[PDB]
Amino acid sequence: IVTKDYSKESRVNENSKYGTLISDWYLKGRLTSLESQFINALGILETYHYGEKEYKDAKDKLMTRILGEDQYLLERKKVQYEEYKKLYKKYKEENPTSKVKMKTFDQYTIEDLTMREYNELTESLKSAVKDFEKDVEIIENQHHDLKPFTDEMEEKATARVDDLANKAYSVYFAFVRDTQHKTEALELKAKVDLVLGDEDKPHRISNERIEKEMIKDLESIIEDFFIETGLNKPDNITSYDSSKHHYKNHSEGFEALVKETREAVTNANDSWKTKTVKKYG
């Protein structure tokens, strides 16, 4: 949704665009550099770690700076496309037998840029990212649960999270072939995957808060499964371990885990309902 006007949010100097235009062959490389800087800036903004309410203003601030320089380039493209169109028209009046087609705005690419513009755009995004990093440092000093873990601390926290998720996966495997509870199992798996992130680049458990909320989210997701199927949550669930329980690689192990898990559900009482993370009802 577009609601704001970012047209006066650029730090590029009004006169920079009237300087010396750079040779087209060198231009292309400067535009790709700019594109890359924006990508990198937006990527820092999106980092999972910063998806906490306390970074809201630091982020809005950085976003406003990135969109502002983006808008600068977008408006420059618009102005130049208009001039291009009139040039194309003139070219046609001079080579009437030409078959070349006028580029659309979306095919067009910026043809004019000066080093002053490139340097100012570049410096502006750099300064914006720097301010963002300072705002972040300040934020994290006044909220210890947001402070990044050391690598050892992160490894330990990440293992607790992964272990809980693997218990969730066991429950999922124990009921994915049960006609009565299949949908609940499938959603459990899908929800556990969603909070963890892509297997190849999962959300890092980088501070006390993420460790704490990820654990509660995982516990709640498992409890959602039992609440919805009407089954009782066992106190003991063997954590799923691919090397020991893979459905295809270790059928026996897989079947033993399913069996052990289904049985523990059967023997569980409903005490667990009085202690759930979420309020049900």
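All residue numbers refer to positions in the sequence shown, first residue = 1.
Of the two stretches examined, 204-212 and 175-183, the record assigns the greater average C-alpha temperature factor to 175-183.
With 60-68 and 233-241 compared on mean CA B-factor from the PDB entry, the stretch scoring higher is 233-241. Note on the listed residues 94, 75, 111, 193: the highest Cα temperature factor in the record is that of 94. The entry assigns its greatest Cα B factor, within the set 33, 220, 251, 40, to 251. Sort the chain's modelled residues by C-alpha temperature factor and residue 149 lands in the lowest third, per the entry. Ranked against the other modelled residues of its chain, the C-alpha B-factor of residue 127 as given in the entry falls in the middle third. Placement of the Cα temperature factor of residue 49 within the chain: lowest third of the modelled residues, per the deposited record. Ranked within its chain, residue 81 lands in the middle third, by CA B factor from the PDB record. Remark: residue 138 belongs to the highest third of its chain, ranked by C-alpha B-factor as recorded.
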